[PDB]
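To keep things clear, I will list the structure first and then write my remarks on it.
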Amino acid sequence: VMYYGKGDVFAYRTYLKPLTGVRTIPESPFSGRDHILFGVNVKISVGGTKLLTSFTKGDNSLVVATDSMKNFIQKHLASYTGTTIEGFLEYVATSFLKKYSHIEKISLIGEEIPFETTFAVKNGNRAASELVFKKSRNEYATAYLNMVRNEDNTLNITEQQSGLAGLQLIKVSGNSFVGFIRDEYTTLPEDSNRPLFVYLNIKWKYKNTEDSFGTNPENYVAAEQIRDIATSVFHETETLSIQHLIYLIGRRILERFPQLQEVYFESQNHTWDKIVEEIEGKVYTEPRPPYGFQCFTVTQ
Amino acid sequence: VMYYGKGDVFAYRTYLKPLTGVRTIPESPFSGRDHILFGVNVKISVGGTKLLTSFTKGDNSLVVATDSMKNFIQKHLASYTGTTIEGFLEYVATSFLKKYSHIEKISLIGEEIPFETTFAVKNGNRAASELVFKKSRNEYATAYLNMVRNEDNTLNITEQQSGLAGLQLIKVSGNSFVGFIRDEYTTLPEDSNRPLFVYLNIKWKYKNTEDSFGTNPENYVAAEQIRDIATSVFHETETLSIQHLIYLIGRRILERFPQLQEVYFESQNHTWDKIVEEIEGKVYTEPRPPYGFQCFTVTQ
Amino acid sequence: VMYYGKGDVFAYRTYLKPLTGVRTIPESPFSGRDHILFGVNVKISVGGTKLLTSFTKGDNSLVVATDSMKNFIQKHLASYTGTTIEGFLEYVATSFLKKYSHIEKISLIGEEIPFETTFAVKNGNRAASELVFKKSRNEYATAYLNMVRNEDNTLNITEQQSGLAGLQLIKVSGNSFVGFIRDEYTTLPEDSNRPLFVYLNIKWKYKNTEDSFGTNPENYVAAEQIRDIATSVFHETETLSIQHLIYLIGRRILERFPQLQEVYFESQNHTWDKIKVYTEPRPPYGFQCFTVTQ
Amino acid sequence: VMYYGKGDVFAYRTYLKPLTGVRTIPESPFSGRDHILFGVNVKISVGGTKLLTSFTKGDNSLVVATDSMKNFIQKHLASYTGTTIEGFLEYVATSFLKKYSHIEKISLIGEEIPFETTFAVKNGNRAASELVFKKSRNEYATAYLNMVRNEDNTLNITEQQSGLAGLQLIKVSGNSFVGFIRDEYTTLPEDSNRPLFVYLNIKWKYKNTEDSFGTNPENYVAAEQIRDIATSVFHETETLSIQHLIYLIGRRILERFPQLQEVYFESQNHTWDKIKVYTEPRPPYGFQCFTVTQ
Ligand SMILES: O=c1[nH]c(=O)c2nn[nH]c2[nH]1
Ligand SMILES: O=c1[nH]c(=O)c2nn[nH]c2[nH]1
Ligand SMILES: O=c1[nH]c(=O)c2nn[nH]c2[nH]1
Ligand SMILES: O=c1[nH]c(=O)c2nn[nH]c2[nH]1
Ligand SMILES: [K+]
Ligand SMILES: [K+]
């Protein structure tokens, strides 16, 4: 392996081109993004056989400084005319490989920095502010893009993924976990009504990469819509495990978005413990640190 | 000094008594709390001259185990019949001092664990879920209560404060910081239009402690309403500094809530830097770690 | 209340004047600091009645920008000729009030950024490097200073404290917690041999503020020495509670350092649960606050 | 993909069998581990075709609860008779696949929880305590193991790696970064003497998996020794980049440990900005990934 790059390249700008013309689904009122305030955190990693002597000899002749990669990313947000985080990564990647022809591969991760609308009273009228936004530390959209320059000097995307990260959902009732193996290592009691608390990271892969860029926005799959499917499916279903929940969420995603090839889940179990004192309302509290987790792919 | 206690006592319960009958203000649509899902993180600290030998001699005869304080808090959330985090602390404090008459002082901090409504589709109807909630890592309500047992064995509250913590607001334009001292230590340029990013922690003190408990809920001041004043005032005003912004927020709070005696601000400045590369849309990025801060009290 | 300032002002300096000639105590090998690499994280807060209109009117005419406070701190680490973090805060505070006559009060917190030595081979000899250091995220020295300008324009120290923060100590045996109140709320079993795991913040106040500056280094009390007293006392004693442990640590500190007026403790209990094998507990943690005076 | 498991399974054990008889190298004093106190944080992941219906139908009949995996790990630390974190993972993996025939693959990550010795006075003599240890939040040993059940029911190790994580090293001088591309996007000045601050994660693979278990301790490679090689090489060399530094560290590791097949580096650049006085940079950090093979 031989890669180098820059992480935590934050970039914020106002008045990105709005995302509109999206295709709606029953589970979500999402209708687009006004993009008055946009933020992204980018990680860039590059490689190429011509970088060998920067490691073996200390020869920096062909090294793009990682500080310069930071400048490159931030400058390209200023000139980006598109509407999605996926399209921004494609713009950066194509531009970078065209600039530096000795680079054979670039990998980009983009994580949206989400902001929420606030309201203000102007002359007796309370209405959405175009100026003041709340920074959110909750869920956010993500994107991943890898691109190569082939031996014949043509350029190709080699992996593209979109995602939703940081979603934390608790369902207070309507969840069971029963019927699991009870042997000499089992101290977990059967529970026909637990308050299941799941962390969800969800990623999806398009059949056609062009659909990820917003160029024809009716074919875009928004992380907001995926989020809203997840919350609806969790509500609708008596869950039998996190495994079965994420299967059902994935099936619903692929049914709603036939342009997707597959969907990938990383879930964690953070369910609260019943308190020690006997019960009045039932009371729960934080568990010990060990957390369950699941990784699962659903394909068309 | 001589105190001991328990921190990070989390307690979650469903169907706390709803908060309704609140008094509205122009800046906020807040109309109450449904309390289907309630969470709080409590810190308890106690003291008393009779605890001396637990330090000086290792005699635990009069020590309430901190684990037992945790049990006490969690059990009392199960039996609490009120509607506010302030009233919950009062219930815990009065009950604890009545149980343990050798304790002379108790200090409680409560931090709400906020949850946000989600939506689900049931038989074609998309509507607020009573089951699935999103855990929020954004702003949250707080409460502080100190109570003593006097030498004559009567009980009194000795300090009570309510608050809002973790509010992060960015205003993209309509902020200036000019006219400050320019001397041999000054490298900051004058800026007539900066994207001011402030962290706000806001605390308030009632004239009459009973108004904090929800018993007559029209006299309650909700952290939600304080939040909404802060966002409105930030929008309405060309800011001249964070100092002047928090003064104006405080004045508006005290005007809207004449039952409050004073309001206290802890603010931090986290404003982004303009990027190094020249500009296309202007682009900003994260600053170096040093952050400005302000502490300020406004009184009636 | 009316204060403003800057937090997280980091400053890293090479070749500060070495701290030497400190009095060594039996609990600790500490005998000074080479100061090849010295880092500090400073928080500055200032106030004064003449700042009122910066809040009430948006008038910045008397505002020292917090960014300029950051520059002031960093520049003064470059010019500081002393040997201790306490002396550095004194230098910053005096310098700042002398520079800005409208400031009536300044409060400073300094946290040392600790570095540890590393091994290098030089001509076959393994020894501590003079060039390569390891950044530590464990315990660290602290200092606190509040200074005011009086109406007669004299400057006065109103608060001064030194400290050790972030010390995490576990003793595998020789600890009990028994005899506490058992009632309707008690589920904790009595335990005659627990692996007590304590977090310790320890603060001390000098009888004579001059002793904190290193001017006469025989009178300086190093956070390293306080750490080593804490571990020695923890080892020596069959503990009966965290309360009684911190009492005994504090008594030893005051006995070893008669120039100290008081010691202050903030402890937390992070003892593992028994499943011998132990594991991490649930989040609630016990804590204690306690002062011993000379 | 179809896996599930448990993360953050902490387990703390006293008096593990000591690691002794290790081969010492010139860069490091390391000569074993007393193992009075031993902590590990384990992540377990398992899979198998027979788990399909636990996802597709909600049938838990073949689900080992992740809580039970936690119990399994913790109990096996109590019964483990070996001397290394790599050997502990092997014991857990073999034991788990032998217990649960429907599991076809298991992946384990183990992170050592590092403790440091402390000073105590015993009858006037200051010495390392056998009872009181300091919890360290600095660098730590790691191990990784993947094991599968074949169709003929043999068990096979498919991946195995050891590591050192969280090493943070700053070298005050003797580092350059010059000669890189300067174009429209370059604002970074050339620097002939920077205080290079690197974070290092270092991983290695043995030629013979048996060497990782400590069974023959002369062949074990301790994370402590890798750390000390890293600091020695950093010291010895006028660095020309992080890229070239990690190349030289890796070459020295493979020379000192011919039983190793490869070394892998994940480095990050956290060098301070110059305001001599330096300060913390803005958040963006450089990083490098690089493998050296024997
Ligand atoms: O949903 C769950 N899946 C699991 O595998 C599991 N194991 N313990 N609890 C659990 N809950
Ligand atoms: O609003 C501000 N107040 C201040 O005191 C300050 N100092 N630098 N920038 C600043 N901005
Ligand atoms: O040392 C202790 N002090 C306490 O107050 C306490 N309470 N529970 N466990 C405890 N341990
Ligand atoms: O060691 C370095 N390698 C790099 O690639 C680099 N880029 N900017 N600074 C750097 N330093
Ligand atoms: K719309
Ligand atoms: K209502």
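Heads up, the Cβs are rebuilt from the backbone with ideal geometry, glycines too, and the neighbour counts pull from every protein chain shown. Here, each number is a calculation from the coordinates, and none is a lab measurement.
Here are the numbers for the structure shown:
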read-out	value
Some residue of segment A:41-56 being surrounded by fewer than 20 Cβ atoms within 10 Å (Cβ to Cβ), over 24 Å from A:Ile157 (Cα atoms) and away from ligand 1 (no atom under 16 Å from the Cβ)	yes
Which listed residue, of D:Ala93, D:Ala165, D:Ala128, is touching a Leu at 6+ places or on another chain (Cβ under 8 Å) and among the hydrophobic types (A, V, I, L, M, F, W, C)	D:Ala93
Residues that are more than 13 Å from ligand 3 (Cβ to nearest atom), outside any strand (DSSP E or B) and exposed (fewer than 14 other Cβ atoms within 10 Å of the Cβ), drawn from segment C:153-191	C:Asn153, C:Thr154, C:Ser173, C:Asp183, C:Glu184
Criterion violated by B:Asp59 - all others in (1) within 11 Å of chain C (Cβ to nearest Cβ); (2) of a type outside the set (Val, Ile, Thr); (3) surrounded by fewer than 17 Cβ atoms within 10 Å (Cβ to Cβ) satisfied	(3)
Residue match in segment A:99-108 (condition: within 7 Å of another protein chain (Cβ to nearest Cβ) and under 28 Å from D:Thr239 (Cβ atoms))	no
Sole exception among (1) assigned to a helix (DSSP H, G or I); (2) within 16 Å of ligand 5 (Cβ to nearest atom); (3) not β-branched (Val, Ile, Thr) for A:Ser54, by number	(2)
Selection status of A:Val92, of a type outside the set (D, E, K, R), touching a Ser or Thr at 6+ places or on another chain (Cβ under 8 Å) and within 14 Å of chain B (Cβ to nearest Cβ)	no
Some residue of segment B:268-276 being under 13 Å from B:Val198 (Cα atoms) and under 18 Å from the mean Cα position of the chain (by Cα)	yes
Conditions (1) surrounded by fewer than 19 Cβ atoms within 10 Å (Cβ to Cβ); (2) in a strand (DSSP E or B): number failed by A:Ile181	(2)
Top-ranked residue of segment B:1-22 - restricted to ones that are in a strand (DSSP E or B) and hydrophobic (A, V, I, L, M, F, W, C), ranked as nearest to ligand 1 (Cβ to nearest atom)	B:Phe10
Looking only at segment C:63-93, and only at residues there that are more than 7 Å from chain B (Cβ to nearest Cβ), aliphatic (A, V, I, L, M) and within 16 Å of C:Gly5 (Cα to Cα), the one that is farthest from ligand 1 (Cβ to nearest atom)	C:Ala93
Flag if A:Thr237 is within 28 Å of B:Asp8 (Cα to Cα), touching a helix residue (DSSP H, G or I) at 6+ places or on another chain (Cβ under 7 Å) and within 14 Å of chain D (Cβ to nearest Cβ)	no
Selection status of C:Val132, over 22 Å from the mean Cα position of the chain (by Cα), within 29 Å of D:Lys171 (Cα to Cα) and within 14 Å of chain D (Cβ to nearest Cβ)	yes
Condition met for D:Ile226 (crowded, with 24+ Cβ neighbours inside 10 Å, within 14 Å of chain A (Cβ to nearest Cβ) and among the aliphatic types (A, V, I, L, M))	no
Qualifying residue in segment B:111-123 (condition: assigned to a strand (DSSP E or B), within 14 Å of chain C (Cβ to nearest Cβ) and more than 26 Å from B:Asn153 (Cβ to Cβ))	yes
Count of segment B:9-47 residues which are within 14 Å of chain C (Cβ to nearest Cβ) and within 25 Å of B:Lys98 (Cβ to Cβ)	11
Whichever residue in segment C:94-114 is in a loop (DSSP other than H, G, I, E, B) and more than 14 Å from the chain's Cα centre (by Cα) and, among such residues, is nearest to the other protein chains (Cβ to nearest Cβ)	C:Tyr100
Scan of segment A:57-86 for residues that are in a helix (DSSP H, G or I) and of a type in the set (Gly, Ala, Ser), ordered by number	A:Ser68, A:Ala78, A:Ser79
Any hit, segment D:27-42, residues being surrounded by 16 or more Cβ atoms within 10 Å (Cβ to Cβ) and assigned to a helix (DSSP H, G or I)	no
Any hit, segment C:48-58, residues being within 8 Å of another protein chain (Cβ to nearest Cβ), over 19 Å from the mean Cα position of the chain (by Cα), more than 16 Å from C:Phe133 (Cβ to Cβ) and assigned to a loop (DSSP other than H, G, I, E, B)	yes
Residue count, segment B:142-194 (criterion: in contact with a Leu (Cβ under 6 Å, 6 or more places away or on another chain) and under 19 Å from B:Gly250 (Cα atoms))	5
The one condition in (1) within 16 Å of ligand 6 (Cβ to nearest atom); (2) in a strand (DSSP E or B); (3) of a type in the set (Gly, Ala, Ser) that B:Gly214 fails to fulfil	(2)
Any chance A:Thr14 is closer than 24 Å to B:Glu277 by Cβ and within 16 Å of ligand 5 (Cβ to nearest atom)	no
Flag for B:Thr66 being hydroxyl-bearing (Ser, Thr, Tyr), surrounded by fewer than 20 Cβ atoms within 10 Å (Cβ to Cβ) and more than 8 Å from chain A (Cβ to nearest Cβ)	no
Which numbered condition B:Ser31 misses (of (1) touching an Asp or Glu at 6+ places or on another chain (Cβ under 7 Å); (2) within 12 Å of ligand 6 (Cβ to nearest atom))	(1)
